[PDB]
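Undergrad: the data below comprise the sequence and an experimental structure of the protein.
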Amino acid sequence: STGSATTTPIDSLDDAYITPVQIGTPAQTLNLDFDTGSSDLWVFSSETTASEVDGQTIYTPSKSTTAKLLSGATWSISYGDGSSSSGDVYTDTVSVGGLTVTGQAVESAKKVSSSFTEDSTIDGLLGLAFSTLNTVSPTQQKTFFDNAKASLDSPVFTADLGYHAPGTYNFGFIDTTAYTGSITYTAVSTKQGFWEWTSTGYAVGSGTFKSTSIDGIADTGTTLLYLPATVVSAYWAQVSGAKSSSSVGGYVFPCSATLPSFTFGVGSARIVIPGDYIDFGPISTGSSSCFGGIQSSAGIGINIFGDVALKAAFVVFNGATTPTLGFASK
Ligand SMILES: NC[C@H](O)c1ccc(O)c(O)c1
């Protein structure tokens with residue numbers, strides 16, 4: 001089997017991407033944030049505290065003939081950005097882009113934190129990291145991908161995120177028309193439950209490539225590119241007037257600037273992030289200070305190749321017995 005679904009930016013900055021997902025019978029379509037940095041499929045629901053729902057589409061398990069309470073199971077998750085959600089669990093039929101999994105754990109939110117409530121465009125998350133991170137207790141549950149894997153033509157999914165445009169998540173096949181040149185594969189460590197890999201270095205603009213190992217995670221659920229402070233300082237030093245602002249919470253730059261590109265290494269290959277991808281616009285409406293798309297990972301504890309990096313590439317998440325990651329230009 002295979003599946004193919006379009007993913008669409010939630011706003012003009014590409015802050016996140018939503019992908020329609022069919023849950024239950026008859027189908028209830030919710031727009032979920034596919035997150036390769038976590039491993040829970042959770043949704044706004046008829047069980048979510050009413051004051052914490054503001055515009056989201058909800059899953060109502062009582063209206064699904066295939067929903068079954070997973071008795072005694074609860075979940076609770078806290079994300080890197082400080083947001084959180086928790087609740088109980090149903091199993092139900094879940095389909096993405098024509099690919100159907102029966103008996104998928106659908107985690108129904110009883111509580112969500114304010115950042116989820118305040119974002120009316122995201123109806124929940126669909127985790128695509130390794131199932132070892134799944135938070136369901138006392139019986140840990142599998143991700144949608146892990147459940148689908150055996151049925152897939154090939155044990156892979158691909159992320160093809162657009163810059164200010166829709167893109168695609170494919171399951172079970174590699175669309176050889178979706179990228180240019182060849183795909184370069186690189187080793188993955190699953191020790192922390194992430195798609196963790198080591199970049200071979202970077203360049204700023206037309207500058208020389210610096211060969212240096214940068215361990216980080218491929219994370220579709222993180223907006224920005226978070227890298228060591230040395231790397232990030234080298235980038236922003238090439239933008240007149242750029243500075244790190246403790247009050248704003250990262251590097252800002254004059255909105256009048258033209259940003260240089262940023263290149264990262266994948267083995268001997270190179271992925272170029274155009275400067276425009278690094279512009280996250282005014283820090284507040286009407287401001288002439290703009291927020292940068294490359295930020296320091298110091299304090300996070302891990303480097304994160306988030307959407308800023310990933311949308312410059314066609315990315316293969318290879319879930320074979322020994323997982324690997326592939327990157328191609330596009
Ligand atoms: N891993 C969680 C992911 O980074 C995320 C998605 C949507 C959010 O509103 C959020 O705060 C965090």
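TA: Received the coordinates, thanks. Numbers count the residues shown, from 1 in each chain.
Undergrad: any idea how far residue 223 is from residue 141?
TA: Between residue 223 and residue 141 the distance is 27 Å, computed by C-beta to C-beta, to the nearest Å. All C-beta spots, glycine's among them, are computed from the backbone N, C-alpha and C.
Undergrad: distance of the most centrally placed residue in the chain relative to the ligand?
TA: Nearest to the centroid of the C-alpha atoms of the chain, with distances taken as C-alpha atoms, centre = their mean, sits residue 220, at 1.8 Å. Distance of residue 220 to the ligand, given as C-beta to the nearest ligand atom, to the nearest Å: 9 Å.
Undergrad: can you check residue 161 too?
TA: 14 Å.
Undergrad: that residue: neighbouring residues, count only.
TA: Neighbour count of residue 161, defined by other C-beta atoms under 10 Å: 24.
Undergrad: ok, back up a step: these two touch, right, the residue nearest to the centre of the chain and residue 128?
TA: Yes: with contact defined as C-beta atoms under 8 Å, residue 220 counts as touching residue 128 (7.2 Å).
Undergrad: how about the residue of the stretch 151-300 of the chain found nearest the ligand, secondary structure?
TA: Proximity of the stretch 151-300 of the chain to the ligand (C-beta to the nearest ligand atom) peaks at residue 221, 3.9 Å away. Assigned with DSSP: H, G, I helix; E, B strand; the rest coil, residue 221 falls in the coil class.
Undergrad: quick one, what contacts the closest residue to it other than its chain neighbours?
TA: Distance criterion C-beta to C-beta, 6 or more residues apart in numbering; nearest residue to residue 221, sequence neighbours excluded, is residue 35 at 3.1 Å. Listed by C-beta atoms under 8 Å, 6 or more residues apart in numbering, the contact set of residue 35 reads 125, 126, 127, 128, 129, 219, 220, 221.
Undergrad: re the thing from before, quick one: contacts for the residue of the stretch 151-300 of the chain closest to the ligand?
TA: Counted by C-beta under 8 Å, 6+ apart, residue 221 has contacts 16, 33, 34, 35, 36, 37, 38, 79, 125, 306.
Undergrad: looking at those residues, which is nearest the ligand?
TA: residue 79 (3.7 Å).
Undergrad: neighbours of the closest one, just the number please.
TA: Neighbours of residue 79 under the rule other C-beta under 10 Å: 18.
Undergrad: wasn't residue 165 part of a strand?
TA: No: applying three-state DSSP, one finds residue 165 to be coil, outside a strand.
Undergrad: rewinding a little: how near is the residue nearest to the centre of the chain to residue 264?
TA: Distance, residue 220 to residue 264, using C-beta to C-beta: 16 Å.
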